[PDB]
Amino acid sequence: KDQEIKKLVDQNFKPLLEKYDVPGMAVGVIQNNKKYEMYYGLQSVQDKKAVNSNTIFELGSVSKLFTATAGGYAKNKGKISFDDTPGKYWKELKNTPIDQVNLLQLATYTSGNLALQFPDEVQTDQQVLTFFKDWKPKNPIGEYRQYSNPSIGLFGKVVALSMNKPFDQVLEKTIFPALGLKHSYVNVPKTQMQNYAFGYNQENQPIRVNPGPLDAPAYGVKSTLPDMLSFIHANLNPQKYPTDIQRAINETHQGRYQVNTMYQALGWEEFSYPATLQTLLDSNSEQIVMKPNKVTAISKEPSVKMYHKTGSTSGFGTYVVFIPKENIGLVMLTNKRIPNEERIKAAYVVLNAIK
């Protein structure tokens, strides 16, 4: 029956390459502790270099899952509390209005006045500090979700301060090794540059992500399909992992609040399983992703849960999804963006057909 996984992935993912003119794709499934890796197309059109198990892709927003894990790790080590405010760690923010927002509210986008992106003019360390010092509340703190790079970027910066190391080193020296990841990076080293895919924009031009303010915690991790399968494996089966990372992983699975059928965990989106296709698609609707939404307390605590997260950079699309009770998960990495709905639907069909 496992002979069907390749066929399902071919039926559901492979057509997206032609449909969206995507040069390269890697799709992985993990089921019952067995990994299946499917590679398509080219990591570099100009070089005619094939996608394979060494290919490094930009994860975009899926990077937020690592930030959340790093936060869970620091919390379980006693380095932070989710009730603390940023000013406890970034001294220059002490006694400023942003110092009334707690770390959980930053991590889960509920400061009430932070948009998807910083302003284009905000670039340097100094401009970032100033942005946060000048910050003033809008909506009541904790009450409205607006998905935000700055919000979780500040979260990540505070996590790093609490661990007395720059955020890149928190991931590369502490979190990635604890997860057993061998080719995951904030900064891809010279010795791996040959493995780094080009991304391709909507005009099919090769592109890679540009440096930006607090980029690393928001959208700055790069990884391979095998490493992302290992990450899903850790999420499905944390028992094998060191206690510290185990608690960190568990921390990311805890739903914090609800927006109808979408529960916001740390980094991860959470849903009741089984979830309808429309539930999973609407989690990435314009309304949820781009606009403020007033949240509620979790009322229905799902007995059986599933989690997902999309990610995009200019030249790359990512989707990761796992379902603990079914012991299954899927990762899709492309070096061109395709609509979220296609990613989510393809994964839905595959995981349902294997279930």
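Note that residue numbering begins at 1 and tracks the sequence as displayed.
For the pair 59 to 67 and 41 to 49, the mean B factor over Cα atoms is greater in 41 to 49.
For the pair 135 to 143 and 222 to 230, the mean Cα B-factor is higher in 135 to 143.
Going by the entry's values, 166 shows the largest Cα B-factor out of 72, 150, 267, 166. The PDB entry assigns the greatest CA B-factor among 192, 279, 184, 110 to 192. Sort the chain's modelled residues by C-alpha temperature factor and residue 199 lands in the lowest third, per the entry. Annotation for residue 353: C-alpha temperature factor in the highest third relative to the rest of the modelled chain, per the entry.
Sort the chain's modelled residues by C-alpha temperature factor and residue 155 lands in the lowest third, per the entry. Compared with the other modelled residues of the chain, the Cα B-factor recorded for residue 126 ranks in the highest third. Sort the chain's modelled residues by C-alpha temperature factor and residue 114 lands in the middle third, per the entry.
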